[PDB]
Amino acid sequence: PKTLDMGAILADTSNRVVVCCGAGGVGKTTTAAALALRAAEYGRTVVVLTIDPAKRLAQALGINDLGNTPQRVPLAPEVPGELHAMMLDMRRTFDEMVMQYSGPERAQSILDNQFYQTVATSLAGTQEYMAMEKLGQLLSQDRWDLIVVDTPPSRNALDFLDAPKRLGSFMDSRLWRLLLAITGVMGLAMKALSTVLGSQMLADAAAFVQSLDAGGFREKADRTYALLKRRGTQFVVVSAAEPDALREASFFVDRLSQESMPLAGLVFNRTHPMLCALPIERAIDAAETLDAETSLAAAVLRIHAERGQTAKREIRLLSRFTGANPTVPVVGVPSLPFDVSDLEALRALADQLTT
């Protein structure tokens, strides 16, 4: 099993974009932030596009605000590079997209539309589409040698690669103009919508189609996705030591391989390495004899045995991934005895990531 060398990938300035993928709740945001921090410590001018940092982490980075733009993260004077961070504002990115293509005058009408504000901006795939759009904004401004991209949480790891295109095709549906903004079939559908939906809502929906005046959305999603194919892009798949997260990582590795997209490797996060070499069978028996004979030493032995069983499941999970993907470099990150919610804890995480 090949060891993933995140340190060498971060230190090499031919790698311009690092995308942190996988299911939600595996450590993607903290991995992205820790990678970006270490790259700054190696001398790089880095921006990290975070999606959903926990309150404390967002504050540790100075990004707890409503801004939708990078800001410098103040670091120790010894740090030779620069770290910049932001948290994605999904709604504000939709506004910026609307204005870029519709213009500032027309955008005043679209942004004021109740259908846009309540429905259009909260559709399935908006978080993935806006993350891709924001990545596209960061790349066009050519202000950073490295962009570290965090991806939105989902039960499905492929939503990052599929949800923007899917949302684009839905936005470009013929049904928008023909059913809201005559025929026998379109007329029957139109009559049914007028009969069931509220007049106010249909007027707002029709005004959005007329105002927007967009295969616009799919073409945008396609062009932005093409940036992920530029030379210097690296994908990092993050997974917890759980079966659901690993399965999701494998679906993502397959896709990257099919699409000939460069994969750095897998970050197998929250592991429980054994610190004591005592066998499980031995520990269980040693605790069992003490019960029938202080009491602290038996609980201590029970902790160890429980950790060893946990380590055993993690080893067999990883070996199944590794067996199926012998080509994929891997790095095991232990579960740290503190929350990864400050710069000091990001540094300890990055030490694990870069060994």
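Position 1 is the first residue in the sequence shown; the rest follow in order.
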property: Gap size, residue 80 back to residue 79 (deposited sequence, no coordinates); result: none
property: Missing from the model but present in the deposited sequence, between residue 99 and residue 100; result: none
property: Which of 304 to 312 and 30 to 38 has higher mean CA B factor, as the PDB entry lists it; result: 304 to 312
property: Higher-scoring stretch by recorded Cα B factor average, 46 to 54 or 326 to 334; result: 326 to 334
property: Criterion, highest CA B-factor; candidates, 128, 150, 204, 248; result: 204
property: Candidate residues 103, 136, 265, 198, the one whose C-alpha B factor the record puts highest; result: 198
property: Chain third (lowest, middle, highest) by recorded CA B-factor, residue given as residue 213; result: highest
property: Chain third (lowest, middle, highest) by recorded CA B-factor, residue given as residue 191; result: highest
property: Record-listed C-alpha B factor of residue 164: chain third; result: lowest
property: Third of the chain, ranked by Cα B-factor, where residue 95 sits; result: lowest
property: Chain thirds of CA B-factor: placement of residue 239; result: lowest
